[PDB]
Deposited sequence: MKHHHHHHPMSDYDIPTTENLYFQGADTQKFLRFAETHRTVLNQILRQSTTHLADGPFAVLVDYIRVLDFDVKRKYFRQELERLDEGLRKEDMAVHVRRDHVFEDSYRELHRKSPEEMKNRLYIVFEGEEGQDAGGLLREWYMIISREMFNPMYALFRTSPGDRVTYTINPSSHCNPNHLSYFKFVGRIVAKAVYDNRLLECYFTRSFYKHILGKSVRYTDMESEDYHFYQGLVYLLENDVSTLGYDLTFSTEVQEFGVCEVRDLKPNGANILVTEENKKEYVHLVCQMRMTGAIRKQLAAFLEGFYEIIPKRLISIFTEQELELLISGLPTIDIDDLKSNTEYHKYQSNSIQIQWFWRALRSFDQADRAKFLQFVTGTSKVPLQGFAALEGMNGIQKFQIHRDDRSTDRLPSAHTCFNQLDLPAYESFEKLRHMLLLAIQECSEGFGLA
């Protein structure tokens, strides 16, 4: 099933056997049933699957998912909706269904409309739902201030009296689309995909959600705590459901003072709280609906960048269009680092190109009107590359709210490609 990449005389037959054993081993591990495995031993197997290419992991994902369908008697299931009320009608029709029922084959029927191809109607239906779930009138999701086209949970969702039930429904629909192997135009924030994967956010995630709070954190990290006229404690204010409250980051955080040894830890904890604190119940509802269909441990083989690609698909990126609409600061278009950069980017496969777009823009969503219409925090903001004048042993940094790449003056092409390629991959949970 799974495929691997690709001497004279007696050595050729020796190599082909060597080559076949390696493939046999890989395939046997990936074909092996994992349903006897607990979460601990399964996570160990994930440390191996995680290193494989995206398409291999997607293929393993779909294999294991179908294995979870054993013991099910799948039926065709009708979803009756009105073209004017698709979202609320679909909620009524599906939100009380069981998880097992949701694995049935949906066929949509619009009230009193001419019978069309069921397959296309399902595609049409998904398209409408993915759009309406982000409609402000339901107050479930809101755009991030930084990246504009990405969404996360609206903390003021309690205006809608049924929101918790609706968040569970929306989580169910996202999982159902993945299950049905149908793409959605739902583009969430990087941090939101982390929530699904059960990963903590970094302070860098704050930049596109709450810009000024992010800056305060960077200042705290880069300077001594004594340079502040105020003291800090392991506690922060959170406004859940319109009710403000001071929650402790760690067990006695209100009496614990923020020292230099505590800074990195403080920043880590406070960001987690601010990001998920005002939305913890809406999020828990969403994840309940999601994990009902797609187990958490199973989706955890993907990285936050890849999960988006799983849900929304792999895009085709017109690099010429991007290059035509790139601005340069300190660098010029003909600077050696820039020529290397474009050569490196073109040398990336489809997945890594997408991961790069995610890395600098905050999403894999390509603007319909081309990269001349790339949106940022302050309006239309073209992709821009700045020279990083610090030492050349750091990775390229990004600031997605400006669609900005900070590129050090690397000494060689081999170094630039290697460093850039590392930067676009998943980051660690390290506090620094």
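When the deposited sequence is numbered from 1, the segments without any C-alpha atom are 1 to 11, 18 to 22, 449 to 450.
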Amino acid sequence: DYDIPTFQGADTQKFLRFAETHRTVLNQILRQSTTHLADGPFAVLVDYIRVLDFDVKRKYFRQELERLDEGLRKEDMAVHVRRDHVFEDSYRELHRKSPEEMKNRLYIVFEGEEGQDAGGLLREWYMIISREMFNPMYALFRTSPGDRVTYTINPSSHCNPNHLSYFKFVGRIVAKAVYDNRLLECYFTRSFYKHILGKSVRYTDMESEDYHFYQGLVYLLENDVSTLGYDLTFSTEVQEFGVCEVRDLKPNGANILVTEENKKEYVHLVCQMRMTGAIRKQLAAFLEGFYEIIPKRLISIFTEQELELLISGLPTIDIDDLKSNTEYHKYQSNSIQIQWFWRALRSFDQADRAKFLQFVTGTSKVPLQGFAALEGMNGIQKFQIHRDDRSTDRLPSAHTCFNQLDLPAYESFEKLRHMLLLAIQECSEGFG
From here on, numbers count along this sequence of modelled residues.
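In this entry, 321 to 329 has the higher mean Cα B-factor, the comparison being between 299 to 307 and 321 to 329. In this entry, 27 to 35 has the higher mean Cα B-factor, the comparison being between 27 to 35 and 54 to 62. Residues shown: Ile256, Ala177, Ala284, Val360. Highest C-alpha temperature factor in the entry: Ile256. Taking the PDB entry at face value, the top CA B factor among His195, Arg172, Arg83, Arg190 belongs to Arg83. Ranked by C-alpha B-factor against the other modelled residues of its chain, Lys263 falls in the highest third.
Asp69 sits in the middle third of its chain by CA B factor, as recorded in the PDB entry. Sorting the modelled residues of the chain by their CA temperature factor places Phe110 in the highest third.
In the deposited entry, the Cα temperature factor of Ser397 places it in the highest third of its chain's modelled residues. Among the modelled residues of the chain, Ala373 sits in the highest third by CA temperature factor in this PDB entry.
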